[PDB]
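There is one chain below, alone, in structure tokens, taken in the form deposited in one PDB entry.
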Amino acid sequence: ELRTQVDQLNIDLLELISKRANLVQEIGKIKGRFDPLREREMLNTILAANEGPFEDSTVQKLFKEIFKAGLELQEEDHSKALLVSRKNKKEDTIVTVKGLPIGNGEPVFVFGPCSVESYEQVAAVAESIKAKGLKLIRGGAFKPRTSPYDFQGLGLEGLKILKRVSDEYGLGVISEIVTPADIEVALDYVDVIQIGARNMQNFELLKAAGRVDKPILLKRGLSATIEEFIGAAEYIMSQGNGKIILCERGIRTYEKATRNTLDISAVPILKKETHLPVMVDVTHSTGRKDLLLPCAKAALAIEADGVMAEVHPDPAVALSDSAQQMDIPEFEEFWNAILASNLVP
């Protein structure tokens, strides 16, 4: 009887909360952000006025939540509908690379050596890729290594090699860039800039990639949560570049039977939450040659936008992932199985 009226005190709060929120954004316009001093000044006034029944600490918590809500109204704050989210843009993003519309429903395959070692080595792989009618190649010029004494990659010379081979065999180049200063130079040699797992939270590198007009392949961090992975993509897109391809490549767990644990569920999670295409790297996730094909099949069936695997003409002598890379005859058998699976329309 009396608690029917407490129902209208709710309509009064909504009106009050909404009106206040509008005024605060007006103050933002008249001026031009975080202001802890103003927040404390507001809290002092509110708490001084508290006559109960709530204790000061409870009142402070409630108002903080109200203030926090206001931040999302800011033009530049997309916390409530991330630019990379379907909440922001419902339609799938198509990232076109060498005429291939990545994300359009037809899966793409990216093969290539772990590390660029020589012109002849990359050419041998490009020849086998072209022979299958494929159009992309991946190759590491800059290699993130656990130890500084392991092969770091050929650097710029590796990118030059990749460009030479690609220009001749008609392939698009995907290669990793490891520091902000190298992004500008990379534009003349690659078709897609890869940001590696270990750099997924190298924020200045993400921002740098967000300021150029070039597709970015962002690999999930070794132990990144889906939220963090989406957040990293937002760093790129918030600078202007929306041409982002996400890549699942396994996460770190207690399991020793595999190098990492392929998190296949990330594909449908990311395709639901974001509008960005999602690929799966079957080589670096499992770290096992005998699992490349089964994992590739799982990836395609779960509707990944693409699959990446490593191929090297003589894996025995490779400067990285010697036991994981497929040789040319193995690559032929792998591809014949993919062709026979009917998983690619």
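Only residues modelled in both forms are compared. In this text, the rigid core denotes the largest set of C-alpha atoms whose superposition between the two forms falls within 1.5 Å. Numbering starts at 1 and follows the sequence shown.
Unmodelled residues of the deposited sequence between neighbouring positions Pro53 and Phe54 number none; the chain is continuous.
Higher mean CA temperature factor between 246-254 and 182-190: 182-190, per the PDB entry. Legend: mean Cα B-factor per stretch from the PDB entry, 96-104 versus 73-81; the higher mean is in 73-81. Going by the entry's values, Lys61 shows the largest Cα B-factor out of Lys61, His312, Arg288, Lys297. Ranking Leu293, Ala301, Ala48, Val307 by Cα temperature factor from the entry places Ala48 first.
In the deposited entry, the Cα temperature factor of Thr225 sits in the bottom third of values across the chain's modelled residues. When the modelled residues of the chain are ordered by C-alpha B-factor, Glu91 sits in the highest third. When all modelled residues of the chain are sorted by CA temperature factor, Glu120 is found within the highest third.
Separately, the form deposited in another entry exists; it is not shown, and the next lines address it.
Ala323 shows a C-alpha shift below 2 Å between this form and the one not shown [criterion: core-superposed Cα displacement of 2 Å]. Annotation for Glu333: C-alpha shift under 2 angstroms between this form and the one not shown, rigid core superposed. Once you line up the core between this form and the one not shown, the Cα of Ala298 stays within less than 2 Å of where it was. Core-superposed comparison between this form and the one not shown places the runs of three or more consecutive residues whose CA atoms all shift by 2 angstroms or more at 1-25, 39-71, 78-80, listed in sequence order.
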